[PDB]
Amino acid sequence: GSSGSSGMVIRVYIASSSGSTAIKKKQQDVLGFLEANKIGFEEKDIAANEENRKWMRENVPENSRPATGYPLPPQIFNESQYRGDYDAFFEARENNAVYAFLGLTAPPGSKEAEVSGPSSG
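For this entry, the PDB record names solution NMR as the structure determination method.

Structure, rendered in structure tokens:
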């Protein structure tokens, strides 16, 4: 086990074929971000592809699972493991620790690397 190539793929399970604008937005909020941040993520649709949704559902942690009706998108997933939803995404964002919440790396000089200030989760 050893190599020198970029990895850690960020797979997100969205529902392209969704209806609730909020969702669409949220999803687009998680995607747009990874896009604006030029992050190496993957767009996984749950609407069409069931396995993705199902599998994902079987992956999603209970502590993360809602009351009932499977976890709603967006849904961030590290390759296969689960990270969090738009909620966990935003939170990790405000805390400028998204990359960490995605198991990614932060750039040297950014606020993610700087991390210097009082009152911090």
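Draft legend 1. Broad picture of the environment of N59. Secondary-structure assignment places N59 in helix α2 (residues 50–59). When sequence neighbours within four positions are dropped, the list of residues in contact with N59 reads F77 and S80.

Draft legend 2. Quick look at the pattern of salt bridges. Taken as a whole and assessed by the stated rule, the structure comprises two salt bridges. For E42, the salt bridge goes to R11, with nearest N and O atoms at 2.6 Å. In this pair, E42 sits in strand β2 (residues 41–45) while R11 sits in strand β1 (residues 10–14), placing the two residues 31 residues apart along the sequence. Look at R11 and you get partly exposed, because its relative accessible area is 30%. In this structure, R93 and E94 form a salt bridge, with 3.4 Å as the shortest nitrogen-oxygen distance.

Draft legend 3. Layout of the UniProt feature "short sequence motif: SH3-binding" in the protein. UniProt's feature table lists "short sequence motif: SH3-binding" at residues 68–74, given in the numbering used throughout. The span residues 68–74 is 0% helix and 0% strand, and its two end C-alpha atoms sit 16 Å from each other.

Draft legend 4. Summary view of helix α1 (residues 21–36). With 16 residues, α1 ought to run about 22 Å at 1.5 Å a step, and its terminal C-alpha atoms sit 21 Å apart, in line with that. For α1, the complete set of buried residues consists of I23, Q27, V30, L31, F33 and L34. Burial along α1 is one-sided: seen end-on, the buried residues are contained in an arc of 155°. Seen from the open side of α1, the exposed residues pointing more than 90 degrees away from its buried face are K25, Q28 and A36. The secondary structure elements touched by the buried residues of α1 are β1, β2, β3 (75–78), α3 (86–94) and α4 (98–101).

Draft legend 5. Geometry of the nonpolar core. Judged by nonpolar contacts, the single largest core of 19 residues is most densely connected at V12, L34 and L102. For this core, the elements supplying multiple residues, two or more each, are β1, α1, α3 and α4. Among all residues touching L102, those that are not within four sequence positions of it are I10, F33, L34, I76 and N78. Core analysis: the next-biggest nonpolar cluster, separate from the first, contains seven residues, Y13, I46, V60 and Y82 among them.

Draft legend 6. Representation of the packing of aromatic side chains. In this structure the tally under the stated criterion is six aromatic pairs. For the ring pair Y86 and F90, a centre distance of 6.2 Å and an interplane angle of 5° mean the geometry is stacked. Taken together, the residues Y86 and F90, both in helix α3 and four residues apart, mark about one turn of the helix. The exposure class of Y86 is buried, given its relative accessible area of 19%. According to the relative accessible area criterion, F90 is partly exposed, its value standing at 35%. A network of ring pairs unites the aromatic residues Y13, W55, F77 and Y82 as a single cluster. Cation over ring: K26 sits above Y86, and NZ or CZ is 3.9 Å from the ring centre. The ring of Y70 has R57 sitting right over it, with the charged end atom 2.9 Å from the ring centre.

Rules used in this analysis
Residues numbered from 1 in each chain as written, not as in the entry; some residues may be left out. Heavy atoms only, no water. Helix = DSSP H or I, 4+ residues; strand = E, 2+ residues; numbered from the N terminus. Contact = heavy atoms within 4.5 Å. Salt bridge = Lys/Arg side-chain N within 4 Å of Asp/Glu carboxyl O. Buried < 20%, exposed > 50% of the residue type's maximum accessible area, 1.4 Å probe, protein only. UniProt positions renumbered as here; feature names shortened; annotations may be inferred. Expected span 1.5 Å × (residues − 1). Arc of directions from axis to C-beta. Core = buried A, V, L, I, M, F, W, Y, C linked by side-chain atoms within 4.5 Å. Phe/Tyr/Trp six-rings, centres within 6.5 Å; stacked < 30°, edge-to-face > 60°. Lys NZ or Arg CZ within 6 Å of the ring centre and 35° of its normal.

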